[PDB]
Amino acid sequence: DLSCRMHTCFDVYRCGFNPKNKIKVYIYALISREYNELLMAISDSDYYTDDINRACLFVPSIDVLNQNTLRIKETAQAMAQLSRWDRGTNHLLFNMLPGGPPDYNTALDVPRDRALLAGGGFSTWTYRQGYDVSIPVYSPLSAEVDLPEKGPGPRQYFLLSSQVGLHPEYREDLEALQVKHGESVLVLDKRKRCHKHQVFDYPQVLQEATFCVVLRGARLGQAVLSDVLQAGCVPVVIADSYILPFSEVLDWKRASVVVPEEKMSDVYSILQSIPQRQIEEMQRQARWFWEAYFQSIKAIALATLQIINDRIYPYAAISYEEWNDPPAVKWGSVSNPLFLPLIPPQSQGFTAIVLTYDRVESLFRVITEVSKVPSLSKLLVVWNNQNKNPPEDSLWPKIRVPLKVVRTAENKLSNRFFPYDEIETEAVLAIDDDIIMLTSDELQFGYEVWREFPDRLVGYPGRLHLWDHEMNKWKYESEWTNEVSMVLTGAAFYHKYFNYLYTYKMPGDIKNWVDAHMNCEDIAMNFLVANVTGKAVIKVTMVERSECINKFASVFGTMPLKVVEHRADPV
């Protein structure tokens, strides 16, 4: 039934909800090597399951990839004989050549009145948008020959079309374009490719061109696309009505160029308009798509199952960046979680957290000075000192804001970064015991500056890092301030989401090391803020620390900090 979608023709009762948001697939025990290795890839995946009454999806062990020897009547009989068909409500089928010698229907010709289809050649009329998944057409050349991983750059050919047995109209148009421009467009004729007094090897000739042309000759989907992606040339699909594989999750606009078959003689002019930077980006995207989804049958099966699981469980679906980012840019990505550009008003203030240990004369001055500032919603005092007891309630300073003392089970320097449920604001000032040389207007202006930039640190102390060539390692520098890359957490405004990140989402054992060494907490906070937000800090006005910086850089694998030369002062 082409008319129905997942909302009516799919049963979700079998897979209601699990703590591990993963779809459950079963393979019937009854084939080409392609289907055999596809089944093996399904078997050793996280989606495999037993106990048929507990599974949701069913994958039959039937050769349906190739329709040349399909025996449609036999396939229909097998689907009826599956013994768990149930109108084929939750059965997934894999196919890559859904075409017939009399006519290319661009879809599987089996009844499949309610089955789920994963085809290679899909037209806009034969594809269910919310139900089916378009999968790549496999070519053994991807695994048979291992082409070198040539980086993006200039190539001798600008356009290339290497296909055999094309329709005469497309060949004539390609020849017309070649004679119109010349020396950049190279059309090839009949594993071996032949030109006029020239012979080229098919797998390696594609590496010499930046744009490869894919034409609709039969089945609406050609295996040449996988080779095009492997070789790094940007595919140029000229099929009028054809949905590219995995177009639901992948962004083909950044990897392929679609030109309608009507403007086949205008392809070169269209391709000329694309700048070199976008050409390199599309080459990288094509290489990543091949190595992640087109290289192996296991990749196809995993991607299809992931798409289906995302459809079944939208709330646990993986991100667009996870789907279609190469690992290099994924390492280089930022993905700031506080990406919403809102300016909080002055109705809510900030909760001042004071960290004190074996000092009480400085505590009282700190509280008295902080109490002078407006917009002080709350003031919290953290008592890390376990042996010493807090002063009596009467002796506490007289303030008009709610003051409370936090009881600490242990004595760890990271107690200032714990997200307390008693805090009712998003801004959290962290002023320590010795910070007493600050005026009320300075703190008020710091909070004013923080309101414009709620997703980054706003602190008064200014420090920076540097790279030493003598030791080939990062150093620390504080005497001279020409640029600022770090801000000490003492008297530093930041979002309490940063406290949550520091406490819970910290790479490896960074916090367990700051506590052990009882130092380098501001360094860790600066590194975490730089790594998560991807933005610099705002400043408002030794060997151990260098080892801290080096260890933090080694844990991240890079330097998340950014160097800036700007500070905020009142107008």
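One-based numbering along the sequence shown. In this text, the rigid core denotes the largest set of C-alpha atoms whose superposition between the two forms falls within 1.5 Å.
Rigid core fits of the other structures in 5 other deposited structures of this protein place the C-alpha atoms of one stretch farther away on average; of 112-120 and 193-201, that stretch is 193-201. Rigid core fits of the other structures in 5 other deposited structures of this protein place the C-alpha atoms of one stretch farther away on average; of 47-55 and 523-531, that stretch is 47-55.
Among other deposited entries of this protein with both flanking residues present, at least a third omit coordinates for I399.
The entry models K190 and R191 with a gap of 10 or more deposited residues left without coordinates. Unmodelled deposited residues between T541 and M542: 10 or more, per the record.
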